[PDB]
Amino acid sequence: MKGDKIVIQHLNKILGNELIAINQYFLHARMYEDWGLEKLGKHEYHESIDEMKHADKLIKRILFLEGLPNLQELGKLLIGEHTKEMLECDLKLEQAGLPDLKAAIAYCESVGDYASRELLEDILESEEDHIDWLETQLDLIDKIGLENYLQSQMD
Amino acid sequence: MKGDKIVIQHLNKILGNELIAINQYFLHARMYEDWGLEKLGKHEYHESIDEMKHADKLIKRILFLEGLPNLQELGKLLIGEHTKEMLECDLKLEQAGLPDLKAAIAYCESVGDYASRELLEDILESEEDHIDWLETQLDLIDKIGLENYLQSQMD
Amino acid sequence: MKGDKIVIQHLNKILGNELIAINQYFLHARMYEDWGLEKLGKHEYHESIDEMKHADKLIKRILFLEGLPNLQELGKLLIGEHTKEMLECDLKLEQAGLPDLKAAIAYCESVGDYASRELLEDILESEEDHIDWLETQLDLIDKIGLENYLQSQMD
Amino acid sequence: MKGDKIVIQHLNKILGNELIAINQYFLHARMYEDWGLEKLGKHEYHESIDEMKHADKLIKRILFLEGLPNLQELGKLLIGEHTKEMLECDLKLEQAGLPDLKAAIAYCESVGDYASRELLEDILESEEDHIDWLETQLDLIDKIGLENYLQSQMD
Amino acid sequence: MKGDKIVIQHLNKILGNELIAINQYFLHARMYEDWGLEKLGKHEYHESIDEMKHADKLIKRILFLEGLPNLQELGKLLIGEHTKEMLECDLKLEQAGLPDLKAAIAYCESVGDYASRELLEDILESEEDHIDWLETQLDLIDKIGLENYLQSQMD
Amino acid sequence: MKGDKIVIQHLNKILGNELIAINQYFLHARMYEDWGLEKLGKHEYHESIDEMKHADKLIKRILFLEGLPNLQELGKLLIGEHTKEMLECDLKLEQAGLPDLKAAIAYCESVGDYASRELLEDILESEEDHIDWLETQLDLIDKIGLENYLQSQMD
Amino acid sequence: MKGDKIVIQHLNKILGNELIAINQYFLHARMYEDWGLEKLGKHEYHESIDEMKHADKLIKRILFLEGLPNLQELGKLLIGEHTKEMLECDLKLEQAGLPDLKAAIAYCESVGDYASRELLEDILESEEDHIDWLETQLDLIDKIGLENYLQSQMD
Ligand code: HEM
Ligand code: HEM
Ligand code: HEM
Ligand SMILES: [Fe+2]
Ligand SMILES: [Fe+2]
Ligand SMILES: [Fe+2]
Ligand SMILES: [Fe+2]
Ligand SMILES: [Fe+2]
Ligand SMILES: [Fe+2]
Ligand SMILES: [Fe+2]
Ligand SMILES: [Fe+2]
Ligand SMILES: [Fe+2]
Ligand SMILES: [Fe+2]
Ligand SMILES: [Fe+2]
Ligand SMILES: [Fe+2]
Ligand SMILES: [Fe+2]
Ligand SMILES: [Fe+2]
Ligand SMILES: [Fe+2]
Ligand SMILES: [Mg+2]
Ligand SMILES: [Mg+2]
Ligand SMILES: [Mg+2]
Ligand SMILES: [Mg+2]
Ligand SMILES: [Mg+2]
Ligand SMILES: [Mg+2]
Ligand SMILES: [Mg+2]
Ligand SMILES: [Mg+2]
Ligand SMILES: [Mg+2]
């Protein structure tokens, strides 16, 4: 079904952000795992798989609207070197993506592409959950201390 | 069956206390939950459903005694900002209420409303348990330390 | 994540509404239960837990948006003395509440707080169903008569 | 297998009636359920489904006989405003059809379409059961009074 | 609950379209099955049912909104003579109604009937799925040839 | 019980028809089976066991009516050499028999042998089904092509 | 454990190749599925999930050898517009990656990094299966024909 050209661009924009979140979280995930931070690793891993599913939904939607998904452009990944940093990189990421999503949702409303809007709304709801977990981890670190926090993430 | 007017005034009195407890603990529960303090949040949550059961019992008792339950008044809520403060507020709350319960059990005895006395006695035994747990946490905080005590409340 | 101050203000207001419903429906529930009107008390009981869930969702959303939930203020409960009056009071409360829900959804739209909009929409759809049942009963009372209606509610 | 032009003409006619029954009963079913008359609702709902299986039987027989089903035209639709009237309108229709079926069975006999006859015969027996139930409901209203009948159709 | 006259007017309009879908899909389904194309028949049969659930949702909304469902008027019916055309007539219908759903959701939003909106919203997502399947069948006919496509729809 | 002499002559008549069908379909079945046309062979096989059941019914009916079943005469067998021919032969066979069945049902009616009429009516309804399937295959052959139609009959 | 700088450069290179395939196979996969070619889509999907696992194995190896996995560089994706081209694009990828794996294995052998060589041999064996499958589908297309091949890929 022929979709809106500008709507397809927003979708590709959102898709671009997702592909980045995918590699960054996967790498981070395997890093925690490599440090012996199993709990932290398993959670970062799922965050990765979620982003993969977001990418999947977007791709399918774009194909349905008769557009061309763009998996060719990979933006700058924000890799960290230590836990507190990695958390803050994922946070910067998730945040930087909110303006694009709300701008995409707002555009779909304006052109009557309500299904795409519901799609982006779901993903959005999911992005706010990640942002929440992340903030919580950072607060937890300041509350119980890096040593205790990292001990809690082993196994 | 028409009950003693003063006994019902007492019941409504204690009822207002519980209603406060309900709100205070539910907010504290969602706050812990929100800070990622799983354990604390779960306990405070139950303490809350507990107070609801207490309120429920009094309501029924009042209704039976042919009085009018007062779910209209809600006293000051002692909301803490950080864990130790929140625990102290709940303890202070559970203690300011005991005198009233005892003054009520004492009264039922004086006018022979033995059944209402058994109701309060039960609510009472629970209250000394809510207080027991609370006092325990406060002492743990001083024995293992806040950071350690918080850490252990995470999962 | 810091949310819109006006959105949180809206949310907090709706929270007060729910808290009112909880108490009103709970009293009505125990009253029906107290008159031997099992069916009615059972339903009213559920309508009450429903409102408790609503309140819980708003609280959590408010906390996430980093605001202070208000379990403190409690509005005027509309208590009835007889079945028909009790149904009216509840319908009245559920209706004098919609304008606020809609004014809030509309607001979230204006500031792009789409996730809060979804929260409100859900409880909104639930509210129209509470209103449906209520109206359904009121009309029923006039179709089969009060005596028959009450009889039906006993068992 | 080419069948008699006139036999198919009857089949087509019978079919229009079913399509009418379908919509009419479907509307009464939702109306009943909208008023809170579960018992009446479910029955009208199933009767609606019954009429759907009837139409389905005809469409197939017609297609097989190499004719063109006319799902296009829909005749008058006796919609009622109250139970009593809705029950009567459903009985008028359920009767205004009998002749057609009876008339169609006689026709099939005269031209040797025995298979079409037995098929109609079946819808015919079923229709006499839609009528028995309807006439019974109306009589019941007399024997126990409207408000009583309704009270029975609630749950 | 009294709803907006214009919103109920849209709902009523949307409802007519579904009733058409129901009949057109049901006829095609029997035709397919009559020719021996089981797969095609089974799918049209399901799409026929889907449309019935759509119409049922509207009817309830309309009744709840205190309007009068119009099961009476039935729009024209795009009947096809062969698969290729039958598939096209069904795609046209699904597209000649998509705008209405879009036009209705926009209306509900402008007058605050958020509940009706989410209801149309769903039928809408579903209809984009009916359309995706139809477009796919047509494209498949191209890529593999009518004879192969039909051969694959047999068993 | 002594039956009508003409009714029995009819029964024996139709009986001879079935016996032919039995042989024709069994040979056609083993021929398909032999050509590796699994599906066709299986269907033709059942159509054959069917005709056996028909013959069985008539035999019993004749025996009851106190007549002598004639399994002695066997008419011309229409054996095809290739698929389409075989289908046409079976169709031609199933059609030359219908007039006789109808002429027999008609006769039973005239002499009041209603039970024998029900027997024929059933055999009749099956016959229009054997014809339905056969006509379907012939049309499929012309829609997807012989090679394609044969291919699909292999497994 | 510190690994050989060049072994790591090789590992990073293979990783880059895997990362390309992931996206190419995932886009091709959703494309087949968007066209209704379920068989093909499901296969490409799995081959894509395979590359993901491959990349995962390398990421881990690299982290263990204390190097920095590079998920930032993304080579040129070869995306086709129709099945045959898409199959040829993936085959080209696999082939263009074979030299690099063999080069890497050979280097690990020259510096005593046997565990890294073992890992690579495994991925190598997996890559020859993808190739065998791709070459086979292309041959299958020549033996039976695009129309038939595509039909076979439908379900
Ligand atoms: C007049 C005050 C209230 C009364 C009498 C009341 C009573 C109850 C009762 C008896 C239950 C059943 C619990 C069980 O035994 O499993 C319940 C459940 C619950 N209450 Fe309350 N409640 C009150 C206020 C509140 C408030 C203000 C909140 C939130 C701030 C709340 C939130 C809940 C929740 C979430 C549940 C669990 C519901 C579920 O089972 O899914 N309640 N309440
Ligand atoms: C236009 C108004 C119609 C409405 C509102 C309606 C509604 C429904 C609903 C809600 C169901 C049950 C769906 C499920 O749970 O699976 C149903 C089933 C069905 N409908 Fe309709 N329908 C309509 C018209 C028709 C017509 C005109 C036909 C035939 C031409 C038809 C034939 C059927 C059949 C065969 C079933 C399945 C029955 C069974 O499984 O026992 N419907 N319909
Ligand atoms: C174009 C980007 C990618 C897309 C669209 C994608 C999509 C997916 C999807 C749909 C799944 C299934 C999710 C589930 O049901 O659990 C999956 C699984 C997985 N992905 Fe990705 N993925 C991508 C990139 C990656 C990358 C870059 C890696 C690793 C560096 C990766 C590693 C994995 C793993 C390990 C699994 C699960 C494997 C298993 O099933 O055992 N993915 N991916
Ligand atoms: Fe995401
Ligand atoms: Fe995210
Ligand atoms: Fe510790
Ligand atoms: Fe208590
Ligand atoms: Fe307590
Ligand atoms: Fe509510
Ligand atoms: Fe409510
Ligand atoms: Fe009927
Ligand atoms: Fe009927
Ligand atoms: Fe629809
Ligand atoms: Fe549709
Ligand atoms: Fe036979
Ligand atoms: Fe036969
Ligand atoms: Fe690979
Ligand atoms: Fe590969
Ligand atoms: Mg939504
Ligand atoms: Mg926070
Ligand atoms: Mg009493
Ligand atoms: Mg035919
Ligand atoms: Mg008969
Ligand atoms: Mg109503
Ligand atoms: Mg398409
Ligand atoms: Mg004998
Ligand atoms: Mg290490």
# chains A, B, ... in the order shown; residues from 1 in each chain; ligands from 1
$ calpha_fit_and_write --fixed "chain A" --moving "chain C" --output "CSV table (one decimal) with C-alpha atoms, in the first residue's frame"
chain,number,residue,atom,x,y,z
C,1,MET,CA,-0.2,0.2,-0.2
C,2,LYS,CA,1.7,3.4,-1.1
C,3,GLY,CA,2.3,5.4,2.1
C,4,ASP,CA,3.3,9.0,2.8
C,5,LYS,CA,6.9,9.7,1.6
C,6,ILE,CA,7.6,11.8,4.7
C,7,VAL,CA,6.2,9.1,7.0
C,8,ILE,CA,8.5,6.5,5.4
C,9,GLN,CA,11.4,9.0,5.7
C,10,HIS,CA,10.7,9.4,9.4
C,11,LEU,CA,10.3,5.6,9.8
C,12,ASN,CA,13.6,5.0,8.0
C,13,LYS,CA,15.4,7.4,10.3
C,14,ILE,CA,14.0,5.8,13.4
C,15,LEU,CA,15.2,2.5,11.9
C,16,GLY,CA,18.8,3.8,11.9
C,17,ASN,CA,18.5,4.8,15.5
C,18,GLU,CA,17.4,1.3,16.5
C,19,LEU,CA,20.2,-0.4,14.5
C,20,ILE,CA,22.6,1.7,16.5
C,21,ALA,CA,21.1,0.6,19.8
C,22,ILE,CA,21.3,-3.1,18.8
C,23,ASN,CA,25.0,-2.9,18.3
C,24,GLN,CA,25.8,-0.7,21.3
C,25,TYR,CA,23.7,-2.8,23.7
C,26,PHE,CA,25.1,-6.1,22.2
C,27,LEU,CA,28.7,-5.0,22.7
C,28,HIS,CA,27.9,-3.7,26.2
C,29,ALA,CA,26.2,-7.0,26.9
C,30,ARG,CA,29.2,-9.1,25.9
C,31,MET,CA,31.4,-6.7,27.8
C,32,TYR,CA,29.5,-7.1,31.1
C,33,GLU,CA,29.3,-10.9,30.4
C,34,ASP,CA,33.1,-10.7,29.9
C,35,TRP,CA,33.7,-9.0,33.2
C,36,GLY,CA,31.7,-11.5,35.2
C,37,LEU,CA,28.8,-9.1,35.6
C,38,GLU,CA,26.1,-11.7,34.7
C,39,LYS,CA,23.0,-9.8,35.7
C,40,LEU,CA,24.0,-6.7,33.7
C,41,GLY,CA,25.0,-8.7,30.7
C,42,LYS,CA,21.8,-10.6,30.8
C,43,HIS,CA,19.7,-7.5,31.0
C,44,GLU,CA,21.7,-5.6,28.4
C,45,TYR,CA,21.4,-8.6,26.2
C,46,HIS,CA,17.6,-8.4,26.4
C,47,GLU,CA,17.6,-4.6,25.8
C,48,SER,CA,19.4,-5.6,22.6
C,49,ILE,CA,16.9,-8.2,21.4
C,50,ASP,CA,14.3,-5.6,22.2
C,51,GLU,CA,15.9,-3.1,19.8
C,52,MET,CA,16.1,-5.9,17.2
C,53,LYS,CA,12.4,-6.4,17.5
C,54,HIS,CA,11.8,-2.7,17.1
C,55,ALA,CA,13.9,-2.6,14.0
C,56,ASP,CA,12.1,-5.6,12.6
C,57,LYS,CA,8.7,-3.9,13.1
C,58,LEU,CA,9.8,-0.7,11.3
C,59,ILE,CA,11.3,-2.7,8.5
C,60,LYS,CA,8.0,-4.5,7.9
C,61,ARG,CA,6.0,-1.3,8.2
C,62,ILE,CA,8.3,0.4,5.7
C,63,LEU,CA,8.0,-2.5,3.3
C,64,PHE,CA,4.2,-2.5,3.5
C,65,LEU,CA,4.2,1.3,2.9
C,66,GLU,CA,6.3,0.4,-0.2
C,67,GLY,CA,9.6,2.2,0.7
C,68,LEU,CA,13.2,1.0,0.8
C,69,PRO,CA,14.4,0.2,4.3
C,70,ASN,CA,17.9,1.4,5.1
C,71,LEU,CA,20.0,-1.1,7.0
C,72,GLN,CA,22.9,0.5,5.3
C,73,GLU,CA,23.7,3.7,7.4
C,74,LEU,CA,24.8,3.1,10.9
C,75,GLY,CA,25.3,6.0,13.3
C,76,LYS,CA,27.9,6.7,15.9
C,77,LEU,CA,27.8,4.0,18.6
C,78,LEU,CA,28.5,5.4,22.1
C,79,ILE,CA,30.8,2.8,23.7
C,80,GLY,CA,31.8,3.1,27.3
C,81,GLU,CA,34.9,1.7,29.1
C,82,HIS,CA,33.4,1.1,32.5
C,83,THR,CA,30.0,0.2,33.9
C,84,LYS,CA,28.9,3.7,35.0
C,85,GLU,CA,30.0,5.2,31.6
C,86,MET,CA,28.2,2.4,29.8
C,87,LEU,CA,24.9,3.1,31.6
C,88,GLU,CA,25.2,6.8,30.7
C,89,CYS,CA,26.0,6.1,27.1
C,90,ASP,CA,22.9,4.0,26.9
C,91,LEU,CA,20.7,6.5,28.7
C,92,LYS,CA,22.0,9.2,26.4
C,93,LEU,CA,21.2,7.2,23.3
C,94,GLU,CA,17.7,6.3,24.5
C,95,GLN,CA,17.0,10.0,25.2
C,96,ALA,CA,18.5,11.5,22.1
C,97,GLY,CA,16.1,9.2,20.4
C,98,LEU,CA,12.8,10.2,21.9
C,99,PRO,CA,12.5,13.6,20.2
C,100,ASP,CA,12.6,11.7,16.9
C,101,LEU,CA,9.9,9.2,18.0
C,102,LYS,CA,7.7,12.0,19.1
C,103,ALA,CA,8.3,14.1,16.1
C,104,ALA,CA,7.3,11.0,14.1
C,105,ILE,CA,4.1,10.3,16.0
C,106,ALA,CA,3.2,13.9,15.7
C,107,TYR,CA,3.8,13.7,11.9
C,108,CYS,CA,1.8,10.6,11.4
C,109,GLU,CA,-1.1,12.4,13.1
C,110,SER,CA,-0.8,15.3,10.7
C,111,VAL,CA,-1.1,13.0,7.6
C,112,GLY,CA,-3.6,10.6,9.1
C,113,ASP,CA,-1.2,7.6,9.1
C,114,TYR,CA,-2.8,6.2,12.3
C,115,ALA,CA,-1.4,2.7,12.0
C,116,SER,CA,2.2,3.9,11.8
C,117,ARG,CA,1.4,6.1,14.8
C,118,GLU,CA,0.4,3.0,16.8
C,119,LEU,CA,3.6,1.3,15.9
C,120,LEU,CA,5.7,4.2,17.0
C,121,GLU,CA,3.7,4.6,20.3
C,122,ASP,CA,4.4,1.0,21.2
C,123,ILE,CA,8.1,1.2,20.8
C,124,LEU,CA,7.9,4.6,22.5
C,125,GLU,CA,6.4,3.1,25.6
C,126,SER,CA,9.1,0.5,25.5
C,127,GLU,CA,11.8,3.2,25.2
C,128,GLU,CA,10.6,5.1,28.3
C,129,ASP,CA,10.9,1.7,30.2
C,130,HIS,CA,14.4,1.3,29.0
C,131,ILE,CA,15.1,4.8,30.2
C,132,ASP,CA,13.4,4.0,33.5
C,133,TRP,CA,15.7,1.0,34.3
C,134,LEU,CA,18.8,2.9,33.2
C,135,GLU,CA,18.0,5.9,35.4
C,136,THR,CA,17.1,3.5,38.2
C,137,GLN,CA,20.6,1.9,38.0
C,138,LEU,CA,22.5,5.2,37.8
C,139,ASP,CA,20.7,6.4,41.0
C,140,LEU,CA,21.3,3.0,42.6
C,141,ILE,CA,25.1,3.3,42.0
C,142,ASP,CA,25.0,6.5,44.1
C,143,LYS,CA,22.8,5.0,46.9
C,144,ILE,CA,24.7,1.8,47.6
C,145,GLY,CA,28.0,2.6,46.0
C,146,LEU,CA,29.7,1.3,42.9
C,147,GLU,CA,31.4,-1.6,44.7
C,148,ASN,CA,28.1,-2.8,46.1
C,149,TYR,CA,26.3,-2.2,42.8
C,150,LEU,CA,28.8,-4.2,40.8
C,151,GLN,CA,28.8,-7.0,43.4
C,152,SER,CA,25.0,-7.2,43.0
C,153,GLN,CA,25.4,-7.7,39.3
C,154,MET,CA,27.9,-10.5,39.4
C,155,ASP,CA,25.4,-13.3,40.2
$ select_by_dssp --residues "chain C" --states "helix (DSSP H, G or I)" --output "PyMOL selection string"
chain C and resi 5-35+38-64+83-95+98-110+114-144+146-154
